[PDB]
Amino acid sequence: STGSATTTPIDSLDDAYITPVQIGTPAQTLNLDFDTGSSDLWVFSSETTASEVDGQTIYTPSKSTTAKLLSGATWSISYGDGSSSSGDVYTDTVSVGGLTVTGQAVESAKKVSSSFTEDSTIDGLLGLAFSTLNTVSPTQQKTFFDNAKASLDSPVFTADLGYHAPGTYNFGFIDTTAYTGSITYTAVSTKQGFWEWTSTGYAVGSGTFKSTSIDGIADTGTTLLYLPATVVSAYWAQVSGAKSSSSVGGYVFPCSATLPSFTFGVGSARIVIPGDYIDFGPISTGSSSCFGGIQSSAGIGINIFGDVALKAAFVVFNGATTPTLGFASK
């Protein structure tokens, strides 16, 4: 089997991407944030504290003839941005782009933090990291991908995120029309539960490539590109007037600037992030200070190849017995 679904930016900045997901019988369609940096499929629901729901579409398990309470199971997650959610668990039928999993753990939120409430466009998350990170207790649950894997034509999914445009998540096949040139595959460590890999270096604009190993994670659920302070300083030094602002929370730059591109290495291959992808717009409405899309990972504890990086590539998440990651230009 295979599945193919369109993923759509939630706003004009590509702050996140939502993908429609069918849950239950009859189907209830919710727009979920597919997150290769976590491993829980959780939704706003009829059980979510009413004051914490503000415009989201909710899952109502009592209206699904295939829903079953997973008795005694609870979940609780905290994300790198400080947001969180928790609740109880149902199993139900879940379909993405025509690919159906029966008995999927659907984690129903009783509580969500303010950032979730305030984002009316995201109805929940669909985790695509390794199932070892799943938070359900006392019986850990599998991701949608892990449940689907054996039925897939090939044990893979691909992320093809758009810049200020829709893109695609495919399951079970590699669309050879969706990228240019060849796909370069690189080793993955699953030791921390992430799609963790090592970039071979970087370049800023038309500058020379610096060969240096940068360990980090491919994370579709993180907006920006978080890299070591040395790398990030080298980038922003090429933008007149750019500076790190502790009050704003990262590098800002004059909105009048033209940003240079940023290249990252994948083995001997190179992925080029155009300068425009690194512009996250005014820090507040009407400001002439703009927020940068490349930020320091110092104090995160890990480097993150988030959407800024991934949307410059066609990305293969290869879930074979020994997982790997592939990157192609597009």
# chains A, B, ... in the order shown; residues from 1 in each chain; ligands from 1
>>> residues_around(residues="region 250-252 of chain A", least_positions_apart="3", cutoff="7 Å", atoms="only C-alpha atoms", output="PyMOL selection string")
chain A and resi 242-246+289-292+295
>>> residues_around(residues="residue 152 (chain A)", least_positions_apart="3", cutoff="7 Å", atoms="only C-alpha atoms", output="number ranges by chain")
A: 1-2, 148-149, 155, 172
>>> select_by_dssp(residues="region 144-289 of chain A", states="strand (DSSP E or B)", output="PyMOL selection string")
chain A and resi 156-160+167-171+184-187+189+196-204+210-218+225-227+243-245+250-254+262-266+269-273+279-282+289
>>> closest_residue(among="A:105, A:89, A:174, A:125", to="residue 31 (chain A)", atoms="only C-alpha atoms")
A:125
>>> residues_around(residues="residue 277 (chain A)", least_positions_apart="3", cutoff="9 Å", atoms="only C-alpha atoms", output="compact mmCIF listing (two decimals) with C-alpha atoms, in the first residue's frame")
# COMPACT_ATOMS: atom_id res chain seq x y z
CA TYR A 163 8.31 27.45 0.49
CA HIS A 164 5.22 29.64 0.97
CA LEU A 259 19.83 37.55 2.80
CA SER A 261 21.83 31.56 0.90
CA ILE A 273 18.67 27.10 1.21
CA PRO A 274 17.82 30.33 -0.66
CA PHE A 280 10.70 35.27 9.10
CA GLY A 293 15.43 31.69 10.18
CA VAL A 308 13.89 26.07 6.91
CA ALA A 309 16.37 23.37 5.92
CA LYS A 311 11.83 22.61 2.65
CA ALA A 312 14.91 23.17 0.44
>>> closest_residue(among="A:232, A:58, A:112, A:272", to="residue 83 (chain A)", atoms="only C-alpha atoms")
A:112
>>> residues_around(residues="residue 39 (chain A)", least_positions_apart="5", cutoff="8 Å", atoms="only C-alpha atoms", output="ChimeraX atom specification")
/A:126-135,142-143
>>> closest_residue(among="A:21, A:156, A:67, A:310", to="residue 100 (chain A)", atoms="only C-alpha atoms")
A:21
>>> residues_around(residues="residue 96 (chain A)", least_positions_apart="3", cutoff="10 Å", atoms="only C-alpha atoms", output="tab-separated table (two decimals) with C-alpha atoms, in the first residue's frame")
chain	number	residue	atom	x	y	z
A	2	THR	CA	0.88	3.66	-0.25
A	3	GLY	CA	-0.48	7.02	0.86
A	4	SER	CA	-0.04	10.57	-0.44
A	5	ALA	CA	-1.30	13.74	1.28
A	6	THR	CA	-0.80	17.43	0.66
A	19	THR	CA	-1.96	17.73	6.72
A	20	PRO	CA	-5.53	16.38	6.72
A	21	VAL	CA	-5.98	13.09	8.59
A	22	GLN	CA	-9.12	10.92	8.70
A	23	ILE	CA	-9.90	9.48	12.16
A	29	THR	CA	-10.99	14.93	9.35
A	99	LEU	CA	-3.29	4.77	3.58
A	100	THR	CA	-5.26	3.22	6.44
A	101	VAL	CA	-4.09	1.90	9.81
A	144	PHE	CA	1.31	5.70	12.48
A	169	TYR	CA	3.96	13.69	2.48
A	170	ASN	CA	4.15	10.30	0.75
A	171	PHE	CA	4.12	6.91	2.46
>>> select_by_dssp(residues="region 219-284 of chain A", states="alpha helix (DSSP H)", output="number ranges by chain")
A: 229-236
>>> write_last_selection(atoms="N, CA and C atoms", output="mmCIF file, in the first residue's frame")
data_model
loop_
_atom_site.group_PDB
_atom_site.id
_atom_site.type_symbol
_atom_site.label_atom_id
_atom_site.label_comp_id
_atom_site.auth_asym_id
_atom_site.auth_seq_id
_atom_site.Cartn_x
_atom_site.Cartn_y
_atom_site.Cartn_z
ATOM 1 N N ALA A 229 26.617 27.829 17.477
ATOM 2 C CA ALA A 229 26.788 29.272 17.516
ATOM 3 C C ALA A 229 27.857 29.762 16.549
ATOM 4 N N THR A 230 28.915 28.984 16.361
ATOM 5 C CA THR A 230 29.979 29.349 15.436
ATOM 6 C C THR A 230 29.436 29.478 14.008
ATOM 7 N N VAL A 231 28.626 28.504 13.593
ATOM 8 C CA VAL A 231 28.057 28.461 12.245
ATOM 9 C C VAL A 231 27.084 29.620 12.056
ATOM 10 N N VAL A 232 26.237 29.833 13.051
ATOM 11 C CA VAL A 232 25.213 30.866 12.978
ATOM 12 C C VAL A 232 25.832 32.272 12.963
ATOM 13 N N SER A 233 26.875 32.479 13.759
ATOM 14 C CA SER A 233 27.583 33.750 13.736
ATOM 15 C C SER A 233 28.205 34.014 12.362
ATOM 16 N N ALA A 234 28.796 32.988 11.751
ATOM 17 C CA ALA A 234 29.379 33.122 10.423
ATOM 18 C C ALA A 234 28.329 33.509 9.380
ATOM 19 N N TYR A 235 27.121 32.969 9.490
ATOM 20 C CA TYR A 235 26.039 33.332 8.588
ATOM 21 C C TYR A 235 25.665 34.808 8.768
ATOM 22 N N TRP A 236 25.296 35.194 9.983
ATOM 23 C CA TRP A 236 24.745 36.525 10.201
ATOM 24 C C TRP A 236 25.788 37.627 10.060
#
>>> residues_around(residues="residue 70 (chain A)", least_positions_apart="4", cutoff="10 Å", atoms="only C-alpha atoms", output="list in words")
residues 74, 88, 89, 90, 91, 92, 105, 106, 107 and 139 of chain A
>>> atom_distance(atom1="CA of residue 298 (chain A)", atom2="CA of residue 217 (chain A)")
14.6 Å
